[PDB]
Amino acid sequence: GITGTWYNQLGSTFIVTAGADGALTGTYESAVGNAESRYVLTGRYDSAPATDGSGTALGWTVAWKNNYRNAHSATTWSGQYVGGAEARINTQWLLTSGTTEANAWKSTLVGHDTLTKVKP
Amino acid sequence: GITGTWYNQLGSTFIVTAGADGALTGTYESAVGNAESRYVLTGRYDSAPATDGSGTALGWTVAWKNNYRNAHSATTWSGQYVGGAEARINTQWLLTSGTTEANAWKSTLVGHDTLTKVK
Amino acid sequence: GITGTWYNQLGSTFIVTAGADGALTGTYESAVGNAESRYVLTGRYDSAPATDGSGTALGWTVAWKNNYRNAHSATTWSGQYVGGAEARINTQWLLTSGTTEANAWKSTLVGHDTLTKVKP
Amino acid sequence: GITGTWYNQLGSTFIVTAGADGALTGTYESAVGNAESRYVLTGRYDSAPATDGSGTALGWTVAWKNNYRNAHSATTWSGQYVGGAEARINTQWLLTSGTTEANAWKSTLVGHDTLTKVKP
Ligand SMILES: O=C(O)CCCC[C@@H]1SC[C@@H]2NC(=O)N[C@@H]21
Ligand SMILES: O=C(O)CCCC[C@@H]1SC[C@@H]2NC(=O)N[C@@H]21
Ligand SMILES: O=C(O)CCCC[C@@H]1SC[C@@H]2NC(=O)N[C@@H]21
Ligand SMILES: O=C(O)CCCC[C@@H]1SC[C@@H]2NC(=O)N[C@@H]21
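Chains as they are written, first to last, in full-length UniProt numbering: chain A, 40 to 159; chain B, 40 to 158; chain C, 40 to 159; chain D, 40 to 159.
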């Protein structure tokens, strides 16, 4: 159910393939921030989730460098896939920028993204 | 500078290879939690960082399933590599457990790990 | 715009008075977790928000001890108040439980609550 | 115990009084960021912690407005007091800036501060 094209609340696009042994591969395009076009992502998911109603744990990373720009930053999303009539991925994320040691206290933004397969 | 074995403040071991393109691949072994032996990790790093002494941004994911057990959870670490005599990878992490929707509010732990070349 | 009763997505109830001195005072009642009845909250808010269309930054703390139980934990919420017809307080939170040092790595849950004037 | 003057790893100063009612009151002065001089804080702590070696849960809030400056932001620290020979407070924090709706995704920084009573 994870394999597909997903969109978050900002209008960003998450194109992912879930491999049979836990791999996530694909591309991410952010609607916001110091970013343009598509970026490589990789991650992991639980390929044998519980069967008791629980979601499927997963996470992935984007380093914000591509052929067009380099933000010197990386985001990781940690969350779960929730199956149902409308499948959803609920995440929290951490966006770390490369900083000097003096500025490291303000290196990391935190937020939450929810994704569905509905195109905006 | 990223490639190799790193140790965190909990006694865990991060073994990673940084590819020329920005790929991170390797294994993670946690000293704590619902974990035994090594787990696959994958992630990404900035392969063309600033040259002013700023850190190199990176992140990786472990899904806590291996040949030996499955915790039904995943951790992501987001942080930066700082090189030099006292090299370090400083991270914050999010550990999400599969939950029912009613329990989703308590799905996610947050913390911070510092990794060094010597334990 | 802040003083009064607010409800989050879990069904919890936030009762607050925003004082001229920047103070937040009131009670919190959680629909979930190791909690029953009302708990004291205190916090702070920006009493002179930006002259533009920006939210009002605020935060508050509950220690989860009242006359009935003690969960040996505390939650802080950090966020912003957005006024208008569909007024909202959008927050992220950190729930820290008292733990031994060996277990400190798993002391802190993170999440996000959205509060509205009408119960969802 | 908690009452006293604490310094964090950045050199910031946390002057706090822990009341018998579970209240924290005092002032905070940051070594970094969009801040000058002292700011009011308020928070809560577990006034009847466990006796099994666990820490004491606590949290507090600063809104970054005083007589001199307004950053239109608020930080909450959530953590625990660890009562060794050398007492320490270990926290994680959320710093939310007031933003427009379109920029709300980048409203919140996350980090971790550790404090002791040792004057740097
Ligand atoms: O500005 C940067 O440093 C790079 C782009 C960051 C975009 C972030 S990642 C978290 C959030 N979710 C999105 O889809 N976009 C923003
Ligand atoms: O308990 C689980 O669900 C799986 C093991 C989690 C171990 C966590 S990941 C973040 C922190 N850093 C570590 O080295 N181990 C813990
Ligand atoms: O279980 C505990 O330790 C005390 C109750 C915690 C309830 C949390 S606070 C964050 C979230 N928002 C709520 O309204 N309830 C939960
Ligand atoms: O820049 C601002 O918006 C106001 C000042 C914020 C200072 C932060 S709060 C968390 C961290 N710990 C500190 O002692 N200072 C910084």
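Don't be surprised by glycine CBs; every beta carbon is placed ideally from N, CA and C.
**Asked** Using the beta-carbon of each residue, which ones in chain C are nearer than 9 Å to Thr147(B)?
**Response** By one-based count along the second sequence, residue 147(B) stands at place 108. Those within 9 Å of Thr147(B) in chain C are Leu148, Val149, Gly150.
**Asked** In chain order, what residues of the same chain lie with their CB nearer than 8 Å to the CB of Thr138(B), ignoring the 5 residues before and after it?
**Response** Position 99 of the second sequence, counted from the start, is the residue given in the question as residue 138(B). The residues are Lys145, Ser146.
**Request:** Taking only heavy atoms of ligand 6 into account, decide whether any of them is closer than 6 Å to the Cβ of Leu133(D).
**Result:** Judged by which ligands are present, ligand 6 is missing from the structure shown, whose ligands are ligand 1, ligand 2, ligand 3 and ligand 4.
**Asked** So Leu133(C) packs on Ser117(D), CB below 8 Å; how close in whole Å?
**Response** Here residue 133(C) corresponds to residue number 94 of the third sequence, with the count starting at 1. Here residue 117(D) corresponds to residue number 78 of the fourth sequence, with the count starting at 1. Confirmed, Cβ separation roughly 4 Å.
**Prompt:** Rounded to a whole number of angstroms, what is the C-alpha to C-alpha distance between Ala57(D) and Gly98(D)?
**Reply:** On the fourth sequence, residue 57(D) is found 18 positions in, with the first residue counted as 1. On the fourth sequence, residue 98(D) is found 59 positions in, with the first residue counted as 1. Looking at the two C-alpha atoms, the distance is approximately 11 Å.
**Item:** Residues near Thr130(C) by beta carbon distance below 6 Å, same chain, minus five either side
**Value:** Numbered from its first residue, the third sequence carries residue 130(C) at position 91. Hits under 6 Å: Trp116, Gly118, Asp152.
**DSSP-derived helix/strand/coil call for residue 160(D)** = Absent from the structure is residue 160(D), since the part of chain D shown begins at 40 and ends at 159.
**Prompt:** When every heavy atom of ligand 3 is checked, does at least one fall within less than 6 Å of the C-beta of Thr114(C)?
**Reply:** Start at 1 with the first residue of the third sequence, and residue 114(C) comes out as number 75. True, at least one ligand heavy atom lies under 6 Å from that Cβ.
**Prompt:** Which two residues bound the contiguous beta strand (DSSP E) that contains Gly82(C)?
**Reply:** Your numbering for residue 82(C) matches position 43 in the third sequence. From DSSP, the beta strand (DSSP E) with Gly82(C) extends over 78-84.
**Prompt:** Which stretch, first to last residue, makes up the beta strand (DSSP E) that contains residue 160(B)?
**Reply:** This structure does not reach residue 160(B), given that chain B is present from 40 up to 158, and the question cannot be answered.
**Item:** Beta carbon proximity, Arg108(D) to chain C, threshold 7 Å
**Value:** Position 69 of the fourth sequence, counted from the first residue, corresponds to residue 108(D). No, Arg108(D) lies away from the interface with chain C (no Cβ there is under 7 Å from its Cβ).
**Request:** Indicate the three-state DSSP secondary structure (helix, strand or coil) for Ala74(D) in the structure shown.
**Result:** Here residue 74(D) is taken as the residue at index 35 of the fourth sequence, counted from 1. Correct three-state label for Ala74(D): coil.
**Distance cut-off 6 Å: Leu49(A) Cβ against heavy atoms of ligand 1** = Within the first sequence, residue 49(A) is the residue found at index 10, counting from 1. Indeed, a heavy atom of ligand 1 lies less than 6 Å from the Cβ.
**Prompt:** Of all Cβ atoms in chain C, is any one closer than 7 Å to the Cβ of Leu154(D)?
**Reply:** Within the fourth sequence, numbered from 1, the residue matching residue 154(D) stands at position 115. So, not an interface residue.
**Prompt:** Beta carbon of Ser112(B), beta carbon of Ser136(B): below 7 Å?
**Reply:** In the second sequence, counting from the first residue as 1, residue 112(B) sits at position 73. In the second sequence, counting from the first residue as 1, residue 136(B) sits at position 97. Yes. Within cutoff.
**Request:** Could you give the DSSP three-state label for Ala59(C): helix, strand or coil?
**Result:** Within the third sequence, numbered from 1, the residue matching residue 59(C) stands at position 20. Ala59(C) falls in the coil class under three-state DSSP.
**Prompt:** Relative to the C-alpha of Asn105(B), which residue among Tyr107(A), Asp60(A), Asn106(A) is closest?
**Reply:** In the second sequence, counting from the first residue as 1, residue 105(B) sits at position 66. Nearest option by C-alpha distance: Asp60(A).
**Message:** Please list, in chain order, the residues of the segment 48-74 of chain C that have any C-beta partner in chain B closer than 8 Å.
**Reply:** Near chain B, meaning a CB-to-CB distance below 8 Å, the residues of the segment 48-74 of chain C are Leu49, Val71, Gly72.
**Item:** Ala70(C) beta carbon less than 7 Å from that of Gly50(C)
**Value:** The residue you call residue 50(C) lines up with position 11 of the third sequence. The residue you call residue 70(C) lines up with position 31 of the third sequence. At the C-beta level, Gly50(C) and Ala70(C) come within 7 Å of one another.
**Request:** Locate the beta strand (DSSP E) running through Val149(A), then write down its first and last residues.
**Result:** Walking along the first sequence from the start, residue 149(A) turns up at place 110. It spans 147-155 - the beta strand (DSSP E) in which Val149(A) sits, taken as one unbroken run.
**Reduced DSSP secondary structure (H/G/I, E/B, other) of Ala113(B)** = For the purposes of this step, residue 113(B) is taken as the residue at position 74 of the second sequence. Here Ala113(B) carries a strand assignment [DSSP, helix/strand/coil].
**Prompt:** Does the beta-carbon distance from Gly82(D) to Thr100(C) come in below 7 Å?
**Reply:** As a first step, residue 82(D) is located in the fourth sequence; it is residue number 43 there, counting from the start. As a first step, residue 100(C) is located in the third sequence; it is residue number 61 there, counting from the start. The Cβ atoms of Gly82(D) and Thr100(C) lie closer than 7 Å to each other.
**Asked** Is it the case that the Cβ atoms of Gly122(B) and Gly40(B) are separated by a distance below 7 Å?
**Response** The sequence position of residue 122(B) within the second sequence is 83, counting from 1. The sequence position of residue 40(B) within the second sequence is 1, counting from 1. Cβ atoms of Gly122(B) and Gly40(B): closer than 7 Å.
**Asked** Does DSSP put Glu68(D) in a helix, in a strand, or in coil?
**Response** Position 29 of the fourth sequence, counted from the first residue, corresponds to residue 68(D). In this structure, DSSP gives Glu68(D) an extended state, which the three-state scheme calls strand.
**Asked** What's the gap between the Cα of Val55(B) and the Cα of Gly65(B)?
**Response** On the second sequence, residue 55(B) is found 16 positions in, with the first residue counted as 1. On the second sequence, residue 65(B) is found 26 positions in, with the first residue counted as 1. Cα-Cα distance, rounded: 4 Å.
**Asked** So the beta strand (DSSP E) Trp45(A) belongs to, where does it begin and stop?
**Response** Stepping through the first sequence from its first residue, residue 45(A) is reached at position 6. Counting along the chain, the unbroken beta strand (DSSP E) around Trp45(A) starts and ends at 43-47.
**Asked** Taking Cβ positions only, does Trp103(D) come closer than 7 Å to chain A?
**Response** On the fourth sequence, position 64 is the one that residue 103(D) refers to. By the rule that beta-carbons nearer than 7 Å mark a contact, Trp103(D) does not touch chain A.
**Prompt:** Is it buried or exposed for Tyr107(B), if we count other Cβ within 10 angstroms and need 16 for buried?
**Reply:** Here residue 107(B) corresponds to residue number 68 of the second sequence, with the count starting at 1. Exposed is the call here.
**Asked** From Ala124(B), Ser86(B), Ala110(B), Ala126(B), pick the residue whose C-alpha is nearest to that of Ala110(A); which is it?
**Response** Mapped onto the first sequence, residue 110(A) falls at position 71. Per the Cα distances, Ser86(B).
**Request:** Under 7 Å Cβ to Cβ from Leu148(D), same chain only, skipping five residues before and after it: list those, please.
**Result:** Position 109 of the fourth sequence holds residue 148(D). So the list reads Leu134, once near-sequence residues are dropped.
**Request:** Scan the segment 110-127 of chain D for residues whose Cβ lies nearer than 9 Å to a Cβ of chain B and list them as they occur along the chain.
**Result:** Residues passing the 9 Å Cβ filter: none.
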